[PDB]
Structures are given as structure tokens and as C-alpha cells.
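The analysis underlying the following values was restricted to heavy atoms, covering all of them including side chains, and did not include hydrogens, waters or symmetry mates. Chain letters run A, B, ... following the sequence lines, proteins first and then strands; every chain starts at 1.
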Protein chains: 2
Amino acid sequence: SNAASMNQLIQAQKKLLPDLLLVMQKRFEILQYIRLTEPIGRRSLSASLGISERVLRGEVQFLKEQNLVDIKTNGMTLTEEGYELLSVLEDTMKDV
Amino acid sequence: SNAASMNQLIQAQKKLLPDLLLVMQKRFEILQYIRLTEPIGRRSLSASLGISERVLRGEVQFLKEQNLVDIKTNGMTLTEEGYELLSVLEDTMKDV
DNA sequence: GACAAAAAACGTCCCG
DNA sequence: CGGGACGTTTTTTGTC
Ligand SMILES: [Ca+2]
């Protein structure tokens, strides 16, 4: 029957997307680290999170396309949408 | 557990993970089409969807590895786990 | 299945 | 600092 809870939904979603929680957590950590250090560039942010610059660059370009981060001459900052999303994820990620 | 915490999770997923939600929907569509037409083989199923045999064959091999479909000499059918997954995700998968 | 090729991913370096 | 890009490696795709 239709998923009644959050644990039930995630367990069903992992069948189609086995590393859903991994992607979620990695993107959440990028947004947290930008909120703490903005403006920050791809070289500093990759080093601080221990992610390869090329991988981090792809993830932040994705977040920019979703209008969550602004990528400017002096580096990256969160958008209004990014701050709001990060506040929602602080709550949700404790129950995931 | 509550409806609102689940709706919060789903709305956060739509902003942070739309690339992952797209993959999940395409794989969910494959399971729906198999439920309708099983047993069906990769040539007929790829034609029925708008995709190449080779792309389908990649997705179907994933679904077999997750124990959601069985591949027999007469084509593909859903497992028990596949039928269950379609009932659990049915409503969320329309509200995306 | 095989066999080939194209596309994607990735690690660095290039510049102003 | 980011956009652009080159060379290499890996994964996906076409074809039958
Ligand atoms: Ca059973």
C-alpha cells in the first residue's frame, strides 16, 4: 500500500536509487560549508571537503542550475532559495 | 511518520535531487510497462517506450540486480518485490 | 553474447 | 577566482 511514513518512502526509493542518501548527504554538506565560508571558490571548497576539484565543480554547477548557489567572480554564495532549502534539510536530515 | 514530514522530505528532494528523481521516474515507468505487458522482451519493450534497445538493456539489468524483474527465455516479468514497489511509490510518483 | 565506437567522467593546466 | 580546454580513463551506446 501507499507509503505511510518517511522510513517507508526512503526504503522504497533506495530500491530505484541505491545511493540516494549518499548524494543527499554530499549535497547537504556542500550547502552547509558554503553557508559557513561564502564567498568560497572551487579549489578551497574541494580541499576543505576532501572531494576532487572536478567532482565538486560538477556538483556546484548543478546546484547553480537549481538556483541554490550563485557563482560569481569572487566565488560562490547561497541564494535565497539555498538558505531556505538548507534550513528545511537541517530538520529533515535528522529523521533520514 | 507524519504526512507533513513526508511532504517536507519530498519537496526538499524535488529541489536538491531532481536529476536523481528523473532516473527514478524512468525506471518506475519501465516497471509499469512490464506490469501491463509481461512477459515482454527488450526489443518489444524498447519500441513500446521511446528508447533504444541498448539503453533499455542497461536499465533492465539494473532492475534485475535489485530483484525487481525476472528475465526468462520468454522475456521479463516483475518479482514480488517489483509489484510491492509499484504499490508503495504509486502516489508520490504522480506528485513529482 | 561479441566487437566497435562514442560519450562521459575526470585530473590538471590555461588565461585574464 | 571562474570559464575554457586538453589529454586520459571509464562507462555507455550502437549494431547484429
Ligand atoms: Ca512474500
Practice task
Please flag which part of A:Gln13 lies under 4.5 Å from any non-hydrogen atom of chain B: side chain, backbone, both or neither.
Solution key: both
Handout entry: Residue B:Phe62 versus chain A: region with a heavy atom under 4.5 Å
Key = side chain
Problem - A:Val88 vs B:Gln11 side-chain heavy atoms within contact, under 4.5 Å - result: no
Handout entry: Part of B:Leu16 within contact of chain A (heavy atom distance under 4.5 Å)
Key = both
Exercise for the section: Below 4.5 Å from any heavy atom of chain B, which atoms of A:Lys14 appear? Answer side chain, backbone, both or neither. Expected result: backbone
Exercise for the section: Please check if atom NZ in B:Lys15 has more than 12 non-hydrogen atoms from other residues, nucleotides or ligands closer than 6.0 Å. Expected result: no
Practice task
Determine the minimum heavy-atom distance between B:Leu89 and A:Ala12, stating which atoms define it.
Solution key: CD2-CB, 3.5 Å
Problem - Hydrophobic cluster membership, B:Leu22 vs B:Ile51, 4.5 Å side-chain cutoff - result: no
Problem - Top contributor to chain A contacts, counting heavy-atom pairs under 4.5 Å, from B:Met93, B:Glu84, B:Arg27, B:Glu81 - result: B:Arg27
Practice task
Count the heavy-atom pairs under 4.5 Å between each of A:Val96, A:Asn67, A:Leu20, A:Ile10 and chain B, then report the option with the highest count.
Solution key: A:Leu20
Fill in the blank from the handout: If one checks every heavy atom of B:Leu9 against chain A at 4.5 Å, the contacting part turns out to be both
Practice task
With a 4.5 angstrom heavy-atom cut-off, could you sort out which part of A:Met24 is near chain B: side chain, backbone, both or neither?
Solution key: both
Problem - Within-4.5 Å side-chain heavy-atom neighbours: A:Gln66 and B:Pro18 - result: yes
Practice task
Can you tell me which residue pairs pass the side chain to side chain donor-acceptor pair (under 3.5 Å) test with a partner in residues 86-96 of chain B, sequence neighbours excluded?
Solution key: A:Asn2-B:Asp91
Practice task
Using non-hydrogen atoms and a 4.5 Å limit, figure out which bit of A:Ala3 sits close to chain B: side chain, backbone, both or neither.
Solution key: both
